[PDB]
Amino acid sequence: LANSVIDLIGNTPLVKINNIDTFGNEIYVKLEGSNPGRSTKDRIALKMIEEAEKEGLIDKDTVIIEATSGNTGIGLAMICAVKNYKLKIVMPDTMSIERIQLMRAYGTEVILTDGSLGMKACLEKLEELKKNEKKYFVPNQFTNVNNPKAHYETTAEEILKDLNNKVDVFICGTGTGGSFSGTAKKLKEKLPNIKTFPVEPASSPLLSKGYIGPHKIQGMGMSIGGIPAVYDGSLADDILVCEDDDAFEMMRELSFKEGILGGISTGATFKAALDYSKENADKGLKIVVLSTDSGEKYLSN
């Protein structure tokens, strides 16, 4: 028994890749789409809220307000439904409409900004919304230590446990950089020789080339006007990248060949990992790819 869907967060499965040729290394995909909110962000939504509760920052009538590209908003929405908190989300209008529909299904109010202005415009709009709220809490996933800490505490421990501490490589897409940075930090503490790589959009190559651009890999990319505080670049053994169309193609390869329905970022991160495996062919490496969300919410794209 679970007492609520909150008890279903985490403990997600790790699936081996069987049909796609992985070049003499083993690739495992951690399916964060299995979380009740259908993304890894359920983990950070839960920890950011639970820690704020313990700190006395959230009353029953505190309005939670967050800027998000979607999944953190969905995770927060689901948790706020269970907890009976009021949530307002600011999101760009360029993200999948299914994100809006999911948040609204849980009772969350959505405020939209012009997506050509990036997540920075969301953060600016949130400042305006604060002026009309008597009592609020902003989780601020871009700076809140409880974003990477959630992954340090749970995501990484699950990887270590499921693979019996045999992990050579970990690869993860980045937006805030929290899932990469928190997970890689714990993995590196327990497995000093592991290699950990973040992925970013080839069309918004902030970490690899120093500039941003428009791209279609929803959830990835850094558009707040700098590198998020929760990203820890010292953990990156290299920066990997993926083109928009390659990300979409790999998403369909995964569903056609493995029955794995992941999001666009999963396609991007997996493509990067498969390229890495090919470059490192026949080494018998155990490579773990984080699939951030499931692919259901991208049928409209």
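Residues carry their position along the shown sequence, with the first being 1.
- A summary of the deposited B-factors shows that, of 264 to 272 and 242 to 250, the stretch with the larger mean C-alpha value is 242 to 250.
- Stretches 205 to 213 and 100 to 108 differ in mean C-alpha B factor, with the higher average recorded for 205 to 213.
- Across the residues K86, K149, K186, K125, the deposited record lists the maximum Cα B factor for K125.
- Sorting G75, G175, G225, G182 by the CA temperature factor given in the entry leaves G225 at the top.
- The deposited CA B-factor of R43 belongs to the lowest third of values across its chain.
- In the PDB entry, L163 places in the highest third of its chain by CA B-factor.
- Among all modelled residues in its chain, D21 ranks in the middle third by Cα B-factor.
- Per the PDB record, residue ranking by Cα B-factor puts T196 in the lowest third of the chain.
- When all modelled residues of the chain are sorted by CA temperature factor, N71 is found within the lowest third.
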